[PDB]
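Below is one structure, written out as structure tokens; comments come after it.
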Amino acid sequence: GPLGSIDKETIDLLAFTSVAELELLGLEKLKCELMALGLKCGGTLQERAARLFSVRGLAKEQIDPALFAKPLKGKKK
């Protein structure tokens, strides 16, 4: 987890991160969330959903360093 004994402590997240639900809400949330992953919020509708869906159980610090392609400050920009 972040620090301490704070963690998900779950072996296989039975509850999925079904982003299809979010996708019904709008698309702005989806774009921003991709940017928060470190992407340029691009790709196909399918791509956007898949990446967010697959972040199942992964925290922000568990996002791959090479996955960050978002133009920010002095990296990828």
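Naming scheme: A, B, ... for chains in displayed order of the structure tokens; residues 1 onward per chain; ligands 1 onward as shown.
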Name the residues in contact with range 59-75 of chain A at a cut-off of 8 Å, using only C-alpha atoms, excluding same-chain residues fewer than 3 positions from it; report them as a list in words.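 Surrounding residues, per the criterion: residues 1, 35, 37, 38, 39, 40 and 55 of chain A.
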Name the closest residue to residue 18 in chain A among the candidates A:6, A:58, A:34, A:50; distances are taken between atoms, counting only C-alpha atoms. A:50
Step one, run DSSP on the backbone; step two, keep only residues of range 8-75 of chain A assigned to helix (DSSP H, G or I); then write them as number ranges by chain. A: 20-23, 28-37, 45-53, 60-62
What gap, in Å, lies between CA of residue 53 in chain A and CA of residue 19 in chain A?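 Separation between CA of residue 53 in chain A and CA of residue 19 in chain A: 5.4 Å.
Residues with any atom within 8 Å of residue 13 in chain A, counting only C-alpha atoms and excluding same-chain neighbours fewer than 2 positions away, are residues 10, 11, 15, 16, 56 and 57 of chain A.
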Do you know which residues are at most 10 Å from range 22-26 of chain A counting only C-alpha atoms, after dropping those on the same chain fewer than 2 positions away, and could you put them as a CSV table (one decimal) with N, CA, C and O atoms, in the first residue's frame?
```
chain,number,residue,atom,x,y,z
A,17,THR,N,-12.7,-3.6,-12.0
A,17,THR,CA,-12.7,-2.3,-12.2
A,17,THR,C,-13.3,-2.0,-13.5
A,17,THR,O,-12.7,-1.5,-14.5
A,18,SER,N,-14.6,-2.4,-13.6
A,18,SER,CA,-15.4,-2.3,-14.7
A,18,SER,C,-15.7,-0.8,-15.2
A,18,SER,O,-16.7,-0.2,-14.8
A,19,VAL,N,-14.7,-0.3,-15.9
A,19,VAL,CA,-14.8,1.1,-16.4
A,19,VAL,C,-15.9,1.3,-17.4
A,19,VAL,O,-16.2,2.5,-17.8
A,20,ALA,N,-16.6,0.2,-17.8
A,20,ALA,CA,-17.8,0.4,-18.7
A,20,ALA,C,-18.8,1.2,-18.1
A,20,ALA,O,-19.5,2.1,-18.7
A,28,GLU,N,-15.0,12.6,-20.3
A,28,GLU,CA,-14.0,13.6,-19.7
A,28,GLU,C,-13.2,12.9,-18.6
A,28,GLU,O,-12.0,13.0,-18.5
A,29,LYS,N,-14.0,12.2,-17.7
A,29,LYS,CA,-13.4,11.4,-16.6
A,29,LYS,C,-12.4,10.4,-17.1
A,29,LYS,O,-11.3,10.3,-16.6
A,30,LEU,N,-12.7,9.8,-18.3
A,30,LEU,CA,-11.9,8.8,-18.9
A,30,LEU,C,-10.6,9.4,-19.4
A,30,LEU,O,-9.5,8.9,-19.1
A,31,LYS,N,-10.7,10.5,-20.0
A,31,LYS,CA,-9.5,11.2,-20.5
A,31,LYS,C,-8.6,11.7,-19.4
A,31,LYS,O,-7.4,11.4,-19.5
A,45,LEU,N,-11.6,4.4,-28.2
A,45,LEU,CA,-12.5,4.3,-27.1
A,45,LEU,C,-12.2,3.0,-26.3
A,45,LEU,O,-12.1,2.9,-25.1
A,48,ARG,N,-9.0,3.2,-24.3
A,48,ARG,CA,-9.1,4.0,-23.1
A,48,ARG,C,-9.8,3.2,-22.0
A,48,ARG,O,-9.3,3.2,-20.9
A,49,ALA,N,-10.8,2.5,-22.4
A,49,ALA,CA,-11.5,1.6,-21.5
A,49,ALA,C,-10.6,0.5,-20.9
A,49,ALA,O,-10.6,0.2,-19.8
A,52,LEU,N,-7.8,1.7,-18.4
A,52,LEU,CA,-8.4,2.0,-17.1
A,52,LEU,C,-8.9,0.8,-16.4
A,52,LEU,O,-8.8,0.6,-15.2
```
